[PDB]
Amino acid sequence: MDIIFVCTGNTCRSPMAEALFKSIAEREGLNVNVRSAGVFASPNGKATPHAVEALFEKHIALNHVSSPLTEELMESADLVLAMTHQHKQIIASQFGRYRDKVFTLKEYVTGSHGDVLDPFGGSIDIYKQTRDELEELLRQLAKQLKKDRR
């Protein structure tokens, strides 16, 4: 499968998810291709320092290059997981042909609507908490995706 995680600028939540998930999938023997993008991202940049530091504590390197969402990405993806419901709607407004691939990470995993709240500009600990929440969802996701024959 090809899956993409989406946040606002592709500097914090989605890159963290992308790195955490690749590591988890490897541990689980899940073969999957993982990417990330932002609804409003610059392609300019990298992950925020706190985002990098939070992963570092977990022995995961987050060497990231930010990217906006593109047709190439949306087309190829099997699944697209937004951090928040608003991200999901915005994505749908811009890539209407692909709406059916798009769910929030929490609704897809947990069956209930929820958002992964924005940590941008927050302390290192805000980022750590965000990392922990993603990690918990992602472990559940890896188990689910393993049951996907794609």
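Heads up: residue numbers just count along the shown sequence, starting at 1.
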Ranked by mean Cα B-factor in the entry, 19-27 and 127-135, top stretch is 19-27
Mean B factor on CA atoms, stretches 97-105 and 31-39, record says higher is 31-39
For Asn63, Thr48, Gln86, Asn44, the deposited C-alpha B-factor is largest at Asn44
Per the deposited B-factor column, the C-alpha that peaks among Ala92, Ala54, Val116, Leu81 belongs to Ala92
By the entry's values, the third containing the CA B factor of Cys7 is the lowest
